[PDB]
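Worksheet: the structure to be examined is printed underneath.
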Amino acid sequence: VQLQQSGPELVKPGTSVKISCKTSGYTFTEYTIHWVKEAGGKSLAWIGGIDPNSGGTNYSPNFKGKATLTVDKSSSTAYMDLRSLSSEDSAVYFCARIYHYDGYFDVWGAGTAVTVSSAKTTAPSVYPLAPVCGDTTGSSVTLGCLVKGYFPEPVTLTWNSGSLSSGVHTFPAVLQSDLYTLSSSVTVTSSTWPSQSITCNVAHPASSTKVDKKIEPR
Amino acid sequence: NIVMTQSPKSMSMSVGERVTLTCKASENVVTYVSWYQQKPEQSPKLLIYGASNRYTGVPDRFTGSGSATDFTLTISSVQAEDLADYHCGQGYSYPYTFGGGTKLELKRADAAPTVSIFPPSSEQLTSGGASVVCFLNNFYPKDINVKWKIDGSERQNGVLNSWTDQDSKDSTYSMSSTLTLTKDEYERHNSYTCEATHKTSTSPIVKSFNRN
């Protein structure tokens with residue numbers, strides 16, 4: 001059983017956005033599909049559910065007239081339209097299946113991040129952070145990658161294409177003056193680097209950016 | 001609107017300790033209460049349904065109990081990987097509702113930050129900017145403060161800090177601090193220093209470099 005949610009959205013205040021939840025691995029008409037909001041640094045808030053077989057809906061009173069749930073039976077897909085959007089609506093939206101009439105959410109989608117903002121999409125600059133110049137004498141070495149001046153979220157960082165994952169710390173993006181900055185550190189043994197190659201790989205899908213910066217010694 | 005009141009708001013428990021979470025319904029919801037675990041950057045996942053039924057794949061250490069208005073989740077011996085936000089919900093009657101969540105932190109022995117400092121990349125300098133970055137890695141507790149110094153004088157403006165989520169294996173935190181200057185500012189001064197103040201030392205844990 002999979003609930004596959006559509007990708008992240010940047011939308012301007014006052015507009016609407018329609019997000020999807022494509023289901024598979026079961027008979028779509030046999031279970032109600034629900035939607036749940038989670039703003040950053042908050043609890044879960046139920047929006048509503050729809051029975052795809054009957055079309056019957058139930059809404060939270062706080063989302064009456066803000067959310068509209070539909071289905072497309074032919075593509076086993078559920079949709080939620082959110083209207084008259086404001087920054088209060090900036091959140092991750094999960095779809096989730098209720099197990100029959102037993103009132104528990106057994107399968108969840110990965111969520112869809114909706115950002116509501118007037119700010120303009122901007123590509124990041126990606127900078128390799130090699131250690132301070134000169135002889136290092138420690139058993140380990142730490143490298144970094146700085147991803148500065150982008151909008152909206154998200155970006156994805158790895159290091160060598162995800163094959164280097166232990167010893168990595170990727171710091172949550174911080175927003176300042178309509179632009180995000182994010183950084184990542186990676187710590188390896190000193191016999192690994194610079195003798196073996198290490199790249200930062202950054203993608204920012206919103207601006208069609210895909211950059212690889214190899215970390216070179218100063 | 002059935003209100004689910006969840007306690008505590010947050011807690012900090014050592015590996016091996018018994019953890020208790022409660023959820024109080026404002027009216028009778030019989031047994032239609034579930035608990036969800038939400039690790040950082042993930043969706044909620046079902047742990048307990050029907051008040052007391054462990055879902056498939058859920059380890060034995062999680063048990064739910066309760067009925068009518070009182071519900072409890074217990075982790076008999078908490079493990080490092082159990083850090084998460086935990087959520088209760090009722091699906092007795094519409095509208096369906098959730099408690100306010102419990103942020104479970106792992107308590108561990110104090111660990112000092114290991115600090116690394118990074119001068120601006122030649123790439124960024126070519127572009128007219130200059131960011132100096134300091135990583136403060138793998139410390140506990142989370143409380144930490146950073147001070148930037150340029151040629152011995154404190155610099156407060158242009159600093160952006162960010163903390164990771166607690167690590168699921170070693171239960172530490174890490175923090176990034178970035179001082180952003182103009183290129184002209186950066187090429188003017190020589191010594192750049194970040195100073196971390198943390199519980200593990202009565203003196204600042206420092207790192208610096210000379211541009212020249």
Side-chain angles (χ1 to χ4, degrees), chain A residues 3 5 34 36 38 42-46 48-49 58-63 92 94 96 98-99 101-111 125-134 140-144 146 148-149 166-167 169-174 176 181-185 187 213 216 218, chain B residues 1 6 29 31-34 36 38 42-46 48-50 53 55 85 87 89-101 114-124 127 129 131 133 135 137-138 160-165 167 169 173-176 178 180 207-210:
Chain A
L3 305 193
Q5 291 194 242
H34 296 245
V36 174
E38 191 176 43
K42 222 119 143 164
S43 44
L44 306 172
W46 181 77
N58 293 277
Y59 291 94
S60 169
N62 299 332
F63 292 97
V92 176
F94 298 103
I98 278 287
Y99 186 77
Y101 303 118
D102 302 341
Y104 62 88
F105 296 107
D106 62 347
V107 183
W108 293 71
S125 302
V126 180
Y127 303 126
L129 308 183
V132 173
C133 211
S140 287
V141 77
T142 291
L143 317 179
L146 172 65
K148 170 156 196 68
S166 71
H169 289 114
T170 294
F171 298 92
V174 179
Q176 179 148 37
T181 294
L182 167 147
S183 56
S184 186
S185 76
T187 294
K213 294 283 168 178
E216 301 283 2
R218 298 168 202 269
Chain B
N1 178 35
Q6 196 179 330
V29 296
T31 53
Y32 295 87
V33 172
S34 43
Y36 306 86
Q38 180 174 31
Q42 297 188 1
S43 74
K45 266 160 53 45
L46 181 67
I48 302 295
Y49 72 88
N53 310 119
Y55 192 50
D85 289 47
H87 307 281
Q90 67 87 193
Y92 178 61
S93 57
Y94 288 106
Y96 292 173
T97 46
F98 289 102
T114 295
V115 187
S116 305
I117 189 160
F118 299 88
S121 67
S122 51
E123 280 107 316
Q124 180 179 23
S127 90
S131 295
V133 177
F135 297 130
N137 284 345
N138 304 97
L160 176 144
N161 297 144
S162 182
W163 276 257
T164 56
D165 296 310
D167 191 88
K169 291 161 187 302
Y173 295 92
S174 291
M175 191 238 240
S176 183
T178 301
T180 290
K207 220 51 159 205
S208 43
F209 66 90
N210 298 315

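Order of the sequence lines sets the chain letters (A, B, ...), proteins ahead of strands, with each chain counted from 1. Hydrogens, waters and symmetry mates play no part in the numbers below; they use all other heavy atoms, side chains included.
Put simply, of A:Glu38, A:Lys42, A:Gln176, A:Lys213, the one with the most heavy-atom pairs under 4.5 Å next to chain B is A:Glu38. Per-residue heavy-atom pair counts under 4.5 Å with chain B were compared for A:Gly111, A:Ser183, A:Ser60, and the maximum is reached by A:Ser183. Options A:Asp102, A:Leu129, A:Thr181 differ in how many heavy-atom pairs under 4.5 Å they form with chain B, and the most are formed by A:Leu129. If you tally non-hydrogen atom pairs under 4.5 Å between each of B:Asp165, B:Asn138, B:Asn210 and chain A, the highest count goes to B:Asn138. Interface summary for chain A: among B:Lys169, B:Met175, B:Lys45, B:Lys207, the most heavy-atom pairs under 4.5 angstrom belong to B:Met175. With respect to chain A, the highest number of heavy-atom pairs below 4.5 Å among B:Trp163, B:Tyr36, B:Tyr55 belongs to B:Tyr36.
For B:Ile117, the parts sitting under 4.5 Å from any heavy atom of chain A are the backbone and the side chain alike. For a residue to count as touching a neighbouring chain, one of its non-hydrogen atoms must lie under 4.5 Å from one of that chain's; by this rule A:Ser125 does not touch chain B. There is no contact between B:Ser93 and chain A, counting heavy-atom distances below 4.5 Å. Residue B:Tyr92: no heavy atom, backbone or side chain, is found under 4.5 Å from chain A. In this structure, the portions of A:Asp106 lying under 4.5 Å from any heavy atom of chain B include both its backbone and its side chain. Proximity to chain A is limited to the side chain of B:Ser127, based on heavy atoms less than 4.5 angstrom apart. Contacts between B:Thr114 and chain A at a heavy-atom distance below 4.5 Å are absent for every atom of the residue. Proximity to chain B (any heavy atom under 4.5 Å) is restricted, for A:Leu146, to the side chain, taken from C-beta onward. Interface remark: A:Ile98 contributes side-chain atoms only to the contact with chain B (heavy atom separation under 4.5 Å). Looking at A:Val36, only its side chain comes within 4.5 Å of chain B, counting heavy atoms on both sides. Of the two parts of A:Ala96, neither the backbone nor the side chain holds a non-hydrogen atom closer than 4.5 Å to a non-hydrogen atom of chain B. When heavy atoms are compared at a cutoff of 4.5 Å, A:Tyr101 approaches chain B solely by way of its backbone atoms N, CA, C and O. Neither the backbone nor the side chain of B:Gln6 comes within contact range of chain A, judged by heavy atoms closer than 4.5 Å. Heavy atoms of B:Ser43 lying under 4.5 Å from chain A belong to its backbone as well as its side chain.
Checked by atom type and distance alone, the side chain of A:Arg218 never pairs as donor or acceptor with a backbone atom of A:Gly134 at under 3.5 Å. Here the side chain of B:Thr164 pairs a donor or acceptor atom with the backbone of B:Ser174 at under 3.5 angstrom. Judged by distance alone, with hydrogens and angles left aside, the side-chain atoms of B:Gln124 form a donor-acceptor pair with the main-chain N or O of B:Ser131 at under 3.5 Å. In this structure a side-chain-to-backbone donor-acceptor pair under 3.5 Å is present from B:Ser162 to A:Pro172. In this structure a side-chain-to-backbone donor-acceptor pair under 3.5 Å is missing from B:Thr178 to B:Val133.
There is no side-chain donor-acceptor pair under 3.5 Å between B:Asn137 and A:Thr142.
The two residues B:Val33 and B:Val29 come nearest to each other via the heavy atoms CG2-CG2, 3.5 Å. When all heavy atoms of A:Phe94 and A:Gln5 are compared, the closest pair comes out as CA-OE1, 3.4 Å. Residues B:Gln38 and B:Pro44 approach most closely at NE2-CD, 3.7 Å, considering heavy atoms.
Below 30°, between 30° and 60°, or above 60°: for B:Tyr96 and B:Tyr94 the angle between ring planes is below 30°, a parallel geometry.
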Discussion item. Let's go through A:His34 and A:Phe105 carefully: what are the C-alpha distance in whole Å and the side-chain angles of both, what is the deciding distance for ring pair (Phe, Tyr, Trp, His ring centres under 6.0 Å) to 0.1 Å, and is it a yes or a no?
Written reply: CA-CA 9 Å; A:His34 296 245; A:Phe105 296 107; 5.3 Å; yes

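When the shell of 6.0 Å around OH of B:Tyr32 is examined, it contains 12 or fewer heavy atoms from other residues, nucleotides or ligands.
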